[PDB]
Structures are given as C-alpha cells and as structure tokens.
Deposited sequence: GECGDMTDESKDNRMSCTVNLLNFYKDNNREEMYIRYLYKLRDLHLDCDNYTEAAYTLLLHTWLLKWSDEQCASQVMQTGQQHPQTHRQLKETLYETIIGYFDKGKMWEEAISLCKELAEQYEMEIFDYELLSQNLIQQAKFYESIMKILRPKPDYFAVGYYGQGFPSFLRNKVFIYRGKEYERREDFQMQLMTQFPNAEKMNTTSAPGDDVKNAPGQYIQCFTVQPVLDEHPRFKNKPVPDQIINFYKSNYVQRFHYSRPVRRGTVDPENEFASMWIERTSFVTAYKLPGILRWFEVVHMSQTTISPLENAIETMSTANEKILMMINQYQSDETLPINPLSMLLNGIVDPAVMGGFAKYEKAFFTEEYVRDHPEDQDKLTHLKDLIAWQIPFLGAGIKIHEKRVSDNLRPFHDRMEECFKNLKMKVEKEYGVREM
C-alpha cells in the first residue's frame, strides 16, 4: 500500500510539526505494521527508531526499560534486514548502559556475543547488492504528491527493473511508459495523461570518515557503496560525430545525470523524492579512464577473494581474466591507444596531457594484476581447461611484453 504508507507518513509528519506526541506515536506504529505486512524489516526498524528518539536513558515501564525493549526489537529487525552494521551500532549504546550505567554484566555478555555474530556475518555472509530505480511521474493525470516528480526506490533483494516496473504499471494502467530517460519537456509536464519514466540508477558511496584514510577491506566497504546512500547516477552514451566503424570509443561521450534524495536509503520508506538533479558530460577520454579503473578494481578484488577462499569456483575467474587478456570481440585498450595517443589528438587538446599519463598508468597497472590473477588461475584450474589456461598465458606474455616496453614496468 504505497498510498497508505505515503499517507501514513504525511499524517505522521504533520503530527510532528504540530506537537501531537500521542498522535505521532500512534502513526509510527501504524506505519510499522504496514512494513511488517510487506516484510520490510529494515524500514520497519527505522520507523521504530522514531519512537526511541523520544525516549531517554532515565528511570522516569520506565524510559530506560522501554527504550531497552524497543532497541531489542529494532535490533531484531535489522538482523532480518541484514543491516548488521546498523544493528551493531544499537548494540553499542546498550552496552554502554550495561557497562557504565546500570552494571548489568550478564546482559552485557549477551550483547557482546550478539555483536560478535554481526561482525562475523558482515565478513562471512554475503548480502546481495540492492538495485535502485528512479521513477518519474510526468503526466498532469497524477495527484499533487506525485505530479512531475522523481523518486528513487530501493530494490528488494534480487529485484530487477523488469519486475518492478511491471508492478508499477499495474498500479497505473492508463499511464504510458516513456521511451527516454531524458528529462521531459514542459509539453509533457503540462499534459493531461500519465507518463512514467523508469530506469535503474547507480548509488554513490557516501563519504564516511571512519574509513577516510585507513585500509578497509572490500568486504566491509562495498556494503556502503549500495546502502546508506543519498546520491545516484545514470549514465547514457551519446555519439558526437565522425563515428568510426573501427572504434566507437573514440567518438563516444557520456551524459551523466545525478539525483540527490532528501533522505538516505534505507530509511522509513523504500522511496524518497529526488530533490536535486544535475547533469555532467564525460569525454571519451574520461570514459576510457573509468573503464580502465573499473577493470583494474575488479581484477584486484577478484585476486583478493581468491587468495582468501579456495572453495571458490574458478569459472568466474577464468571468465574475467580471459575477457581482459584476450578481448577478441570488443576492442581491448588498443582502441584507446588508437583513439587518443595520436600526435594529433594531443595537439588538439593540451588539457588532457595530465589525463593521458593517468590513462597510461592504468595500462601499466593492468599487467601486474593480470599476472597476479594468472598465477592463481594456474594453481587451481581443472585439467580439462589446461589448454585454455596455457593460451591465456601466451597472450598475457605477449601482452606483458608489448606493454612493458611502451610503458615502464610497474
């Protein structure tokens, strides 16, 4: 019941504005029960947090016991939610009270064990990355709380846009699904019918200062890339002109849109309205660079997952390495060399000189990682794929070689 929830939250907000604590609390619960019908644990947990924001650790069931009973239940929700770091953070508050305010060590030991479980899970139980979907409601046909507005929706586990948009169209059967992701004109905005834009957007890692300069393990940093996020990207490729049948990359630019929601996700709802939108354009060069970095980040991340666990199937490793070592179908970075390393490209742009060196570094950077990963593959490859591994090495050797000369060993 998105409408009911939106309604409940609209009610709930008003009550906050006009100090009606009794009413506000009644609505928190109404809202919580709704999430539970849907199995939205994490959003249920965040909503209860609105109650405890009102409570305090005092003896005035008194406040401390109530806040305590509440924290327990919330922590329970986050556990189902698999927001272990959120759970841990509530455990610490409780533990402080147990340790320093009421000296309940028995309950404290229980709390610590609960934290040991969450810390362990963070590292050992992989959680599926959720997807974010932007929806725009652009008809004049829409009610005033949806009208010409963009919302970001947090995907359920393994929920894919095809599945989501289907339910959405079900909700509105006269709405037409737009065929552009491009910001609509005022011609559509002031129309009588309902038009719906829907696409997947990319979350942006919010900056946390805990991890600001320290070396944090992928395992615990990746989680923040897709959760606790307030900023999102959509990238679209636009060709500018002088297209080459050989390498599309030279002429490919990206238009990138940014959406900022008013609140982080996850929170009290599965969606928050976009409050700011920005667009920036990235040049084929800048694009090549992101592409190179992603590729190196992935290889490094993979070699690390494999250095750790040895019960990991190798297929996912073969695949990644080979597709980068011997990119038969798509270009390879030769396309990037052919596209930007001409004497001519440099002459036209002198600004990019700082960038070109950066692009060059990634290529030199690639080889070590590749070989590193190849070493692993060698050790643990089933014998029916030995021939396959042997070729992959030859290309790599070949590759190591041409690259080392052109670019110094790194």
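Participant: In sequence order, name the stretches of the deposited sequence that have no C-alpha in these coordinates.
Facilitator: Holes in the chain trace, numbered from 1: 1-10, 71-84, 435-436.
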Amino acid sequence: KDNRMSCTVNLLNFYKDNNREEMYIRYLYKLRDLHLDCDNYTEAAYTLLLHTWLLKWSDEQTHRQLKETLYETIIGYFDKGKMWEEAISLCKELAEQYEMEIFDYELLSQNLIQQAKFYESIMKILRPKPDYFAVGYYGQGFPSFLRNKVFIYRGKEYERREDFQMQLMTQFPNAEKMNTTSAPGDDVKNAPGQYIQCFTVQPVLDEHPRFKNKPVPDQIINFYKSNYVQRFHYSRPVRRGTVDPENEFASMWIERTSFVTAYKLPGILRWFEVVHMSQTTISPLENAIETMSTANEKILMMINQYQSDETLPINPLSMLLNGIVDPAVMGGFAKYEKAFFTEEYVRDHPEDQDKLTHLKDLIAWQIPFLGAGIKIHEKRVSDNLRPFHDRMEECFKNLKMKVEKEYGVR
From here on, numbers count along this sequence of modelled residues.
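Participant: Look over 309-317 and 215-223 in the entry and identify the one with the greater average Cα temperature factor.
Facilitator: On average, C-alpha B-factors are higher across 309-317.
Participant: With reference to the PDB entry, specify whether the mean Cα temperature factor is higher for 139-147 or for 250-258.
Facilitator: On average, C-alpha B-factors are higher across 139-147.
Participant: Just to confirm, going by the entry's C-alpha B-factors, which of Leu50, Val346, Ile367, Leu34 comes out highest?
Facilitator: Result of the comparison over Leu50, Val346, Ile367, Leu34: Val346.
Participant: Taking the Cα B-factors listed in the entry, which of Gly193, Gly76, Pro327, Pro128 comes out highest?
Facilitator: The listed residue with the largest C-alpha B-factor is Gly193.
Participant: What third of its chain's C-alpha B-factors does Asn179 belong to: lowest, middle or highest?
Facilitator: For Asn179, the deposited C-alpha B-factor lands in the highest third.
Participant: Splitting the chain's C-alpha B-factors into thirds, which one does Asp187 fall into?
Facilitator: Highest third - that is where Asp187 ends up once the chain's C-alpha B-factors are sorted.
Participant: Taking the C-alpha B-factors as the PDB entry records them, is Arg240 in the lowest, middle or highest third of its chain?
Facilitator: Highest third of the chain for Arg240's C-alpha B-factor.
Participant: Could you say whether, by C-alpha temperature factor, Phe340 belongs to the lowest, middle or highest third of its chain?
Facilitator: Tercile = highest for this residue's CA B-factor.
Participant: Lowest, middle or highest third of the chain for the C-alpha temperature factor of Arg210?
Facilitator: For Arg210, the deposited C-alpha B-factor lands in the highest third.
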